[PDB]
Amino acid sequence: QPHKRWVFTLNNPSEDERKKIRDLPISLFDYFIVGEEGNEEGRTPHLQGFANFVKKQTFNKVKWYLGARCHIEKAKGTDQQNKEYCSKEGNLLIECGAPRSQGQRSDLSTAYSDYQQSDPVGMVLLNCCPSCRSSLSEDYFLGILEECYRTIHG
């Protein structure tokens, strides 16, 4: 059976295996995060990753995209919990997209009339899906853009 959500490990990645994963077209994924782990000489160097594909993929398809030596399993838990797990050693190879938010414990209004057409940031948030809106409402780079807009229109 195919699924959209997969976790994976690759032990001792080569330069070329890292480049393959980093060169995957970002159009494949709703969300994708690959962390590089085990740099310390005690342990095994390895990629730790989570892919939420736009459409369901067979096991074989996932092997092709990530590489034949990857150990691949159906993902358990929330996109958010997988984000935290794959980023806990602070060294990302690639991160594209935004985690899917299944239980929407957002702080963010669900009322169309609270999004003011005089607020570009608010309009950016209005004009994307529930998962992307929730992620972008906390995004550092959208926060920079908000700060520049406030500076000029203040």
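Counting begins at 1, following the sequence as shown.
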{"item": "Mean C-alpha B-factor comparison - 50-58 and 113-121, higher one", "value": "113-121"}
{"item": "Per the entry, higher mean C-alpha B factor between 95-103 and 26-34", "value": "95-103"}
{"item": "Record-listed C-alpha B factor of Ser87: chain third", "value": "middle"}
{"item": "Third of chain Cα B-factors occupied by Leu126", "value": "lowest"}
